[PDB]
Amino acid sequence: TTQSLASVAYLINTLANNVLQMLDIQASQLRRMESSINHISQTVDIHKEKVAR
Amino acid sequence: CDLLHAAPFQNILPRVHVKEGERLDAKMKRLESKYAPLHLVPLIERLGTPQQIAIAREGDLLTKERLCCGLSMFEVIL
Amino acid sequence: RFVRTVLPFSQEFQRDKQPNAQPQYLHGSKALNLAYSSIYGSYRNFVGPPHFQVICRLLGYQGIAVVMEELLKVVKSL
């Protein structure tokens with residue numbers, strides 16, 4: 001039973017760490033995506049004003 | 001009115017009062033140094049992505065150049 | 001200032017029907033709706049600088065150019 005309890009706790013810890021790591025990289029990718037979208041939106045709006053001028 | 005609000009970020013300073021004892025050049029240089037952080041282009045140039053530099057330069061060019069700086073259209077209509 | 005004339009020579013505008021919805025969609029509560037209508041009722045009897053500046057802000061530059069070109073065409077036809 002002690003061996004089983006130690007193994008179960010070890011499995012839970014590694015799974016939790018892996019999930020947290022996966023979530024963090026996903027958030028980092030999303031933040032990088034947001035910056036690119038903002039740059040594209042800024043580029044579009046300056047392009048439109050030049051045509052209006 | 002719109003251009004008036006963009007003066008701080010374009011190094012557009014007014015004519016400050018100068019009295020006996022000091023010259024215009026020294027006062028203007030001190031005043032420019034005081035408002036240096038507000039100026040945008042060099043702050044982006046020193047640190048910032050090239051894309052940010054290009055966007056800021058284009059935005060500054062569009063804002064400074066407008067149709068009340070020696071441009072009219074009533075003559076064309078006539 | 002521009003003011004309305006007398007004995008109109010044209011009555012063919014036939015504008016679209018006004019949209020009607022709950023008070024919330026327009027100026028919040030019913031009590032607030034009456035106050036705003038009264039406030040803006042002073043601008044109905046004339047057209048002046050306040051109307052022109054709002055038009056400039058809303059239309060930007062594309063609206064001005066297209067309006068000017070259309071007015072030129074109207075003058076040409078007349």
# chains A, B, ... in the order shown; residues from 1 in each chain; ligands from 1
>>> residues_around(residues="segment 54-71 of chain B", least_positions_apart="3", cutoff="12 Å", atoms="only C-alpha atoms", output="compact mmCIF listing (two decimals) with C-alpha atoms, in the first residue's frame")
# COMPACT_ATOMS: atom_id res chain seq x y z
CA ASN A 38 -2.47 44.71 -33.15
CA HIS A 39 0.43 45.52 -35.48
CA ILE A 40 -1.62 44.38 -38.49
CA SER A 41 -4.59 46.46 -37.34
CA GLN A 42 -2.35 49.50 -36.91
CA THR A 43 -0.88 48.94 -40.38
CA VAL A 44 -4.34 48.70 -41.94
CA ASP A 45 -5.70 51.88 -40.35
CA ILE A 46 -2.66 54.04 -41.50
CA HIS A 47 -3.06 52.56 -45.03
CA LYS A 48 -6.77 53.62 -45.05
CA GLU A 49 -6.05 57.23 -43.86
CA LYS A 50 -3.44 57.64 -46.66
CA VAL A 51 -6.14 56.64 -49.25
CA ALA A 52 -8.67 59.09 -47.62
CA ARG A 53 -6.04 61.93 -47.71
CA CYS B 1 -7.21 72.09 -32.42
CA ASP B 2 -6.07 68.50 -32.99
CA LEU B 3 -2.54 69.61 -33.88
CA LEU B 4 -2.34 71.71 -30.71
CA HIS B 5 -2.62 68.55 -28.58
CA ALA B 6 0.23 66.83 -30.46
CA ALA B 7 2.81 69.55 -29.75
CA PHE B 9 5.14 64.66 -28.60
CA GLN B 10 6.56 66.53 -31.62
CA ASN B 11 9.11 68.76 -29.84
CA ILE B 12 6.90 71.76 -30.65
CA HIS B 39 9.16 62.82 -27.47
CA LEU B 40 8.24 59.47 -29.00
CA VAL B 41 10.34 58.67 -32.08
CA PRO B 42 13.82 58.46 -30.45
CA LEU B 43 12.39 56.53 -27.50
CA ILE B 44 11.12 53.85 -29.88
CA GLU B 45 14.30 54.04 -31.97
CA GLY B 48 11.71 48.78 -29.80
CA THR B 49 10.94 46.40 -32.64
CA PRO B 50 11.59 47.68 -36.18
CA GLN B 51 7.87 47.27 -36.90
CA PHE B 74 -12.25 76.62 -52.27
CA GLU B 75 -10.16 77.85 -55.21
CA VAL B 76 -10.46 74.47 -56.92
CA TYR C 61 -12.08 63.09 -45.13
>>> interface_residues(of="chain C", to="chain A", cutoff="12 Å", atoms="only C-alpha atoms", output="list in words")
residues 59, 60, 61, 62, 63, 64, 65 and 66 of chain C
>>> interface_residues(of="chain C", to="chain B", cutoff="12 Å", atoms="only C-alpha atoms", output="ChimeraX atom specification")
/C:53,57,61,64-65,68-73,75-76
>>> select_by_dssp(residues="chain B", states="helix (DSSP H, G or I)", output="ChimeraX atom specification")
/B:2-5,8-10,24-34,36-38,41-46,50-64,74-77
>>> atom_distance(atom1="atom CA of residue 13 of chain A", atom2="atom CA of residue 31 of chain A")
27.2 Å
>>> atom_distance(atom1="atom CA of residue 45 of chain C", atom2="atom CA of residue 67 of chain C")
23.3 Å
